[PDB]
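First, one chain by itself in structure tokens, the form deposited in one PDB entry.
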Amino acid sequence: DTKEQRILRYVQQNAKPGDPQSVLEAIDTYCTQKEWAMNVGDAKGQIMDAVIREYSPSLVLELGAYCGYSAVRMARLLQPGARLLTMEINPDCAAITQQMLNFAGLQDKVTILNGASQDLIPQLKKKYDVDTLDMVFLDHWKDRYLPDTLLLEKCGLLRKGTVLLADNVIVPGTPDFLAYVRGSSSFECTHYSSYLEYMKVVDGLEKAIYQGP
């Protein structure tokens, strides 16, 4: 089996079905005590929680699902009727994410879209009936953050006040993305210094609020 399979099995055997907090705790314990994995983690997760609570987004787009940790973490705080779409290029990851969401009882709030973000983003309006996004969580691959941000703008998917939240702007680091949003009068940016998941290594999240074209 794979590490991702081991994480999922650990949750199924150590968390309570239908209880998202217990799922997060089981994942964080596994990744602390057994095998590191690239979930946003509890330290940066607490900052995401605060952002989600502040904005109460009706429609969130996540880029990069992995095992479903951030999807569980965000979806558990959404209001009734509010929705998450998560895009995931790796089908084995998409499979784990679906089972993780099912176990957590959050499957009615979240839709996994299978494919590369750069291929799916242009389909959101016509195929997935999206008008504009309230929030986007960027957590896929560092080199995609800037191009996908510009693609989301091109496609008309951002509105005034759309919240972009980006993980790993320090490690692995997204220097082109940070230079761009921080120099652009189309964004209002805030940096949230924290730590890499499960490690005493400095990392951070960037919040960039779109201000219109």
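For the two forms, the rigid core is made up of the largest set of C-alpha atoms that agree within 1.5 Å on superposition. Each residue number is its position in the shown sequence, starting from 1.
Trainee: May I ask you to compare 30 to 38 and 161 to 169 by their mean CA B factor in the entry and name the higher one?
Mentor: It is 30 to 38 that shows the higher mean C-alpha B-factor.
Trainee: Quick check: 70 to 78 versus 122 to 130, which has the larger average CA B-factor in the record?
Mentor: Of 70 to 78 and 122 to 130, the stretch with the higher C-alpha B-factor average is 122 to 130.
Trainee: Quiz for you: based on the deposited Cα B-factor, which of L138, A104, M135, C93 is highest?
Mentor: That would be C93.
Trainee: Using the B-factor values recorded in the entry, state whether the Cα atom of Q99 falls in the lowest, middle or highest third among the modelled residues of its chain.
Mentor: Middle third by C-alpha B-factor.
Trainee: Lowest, middle or highest third: which one holds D1 when the chain's residues are ordered by CA B-factor from the entry?
Mentor: Top third by C-alpha B-factor.
Trainee: Which third of the chain holds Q46 when residues are ordered by C-alpha B factor: lowest, middle or highest?
Mentor: According to the entry, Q46 has a C-alpha B-factor in the chain's lowest third.
Trainee: What third of its chain, lowest, middle or highest, does the C-alpha temperature factor of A65 fall into?
Mentor: Middle third of the chain for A65's C-alpha B-factor.
Trainee: Please place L196 in the lowest, middle or highest third of its chain by C-alpha B factor as given in the entry.
Mentor: For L196, whose C-alpha B-factor we compare with every modelled residue in the chain, the answer is the middle third.
The same protein also has a form deposited in another entry, omitted here; what follows describes it.
Trainee: Would you tell me if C189 moves between the shown form and the other one by 2 Å or more at its C-alpha, with the rigid core held superposed?
Mentor: No, its C-alpha moves less than 2 Å.
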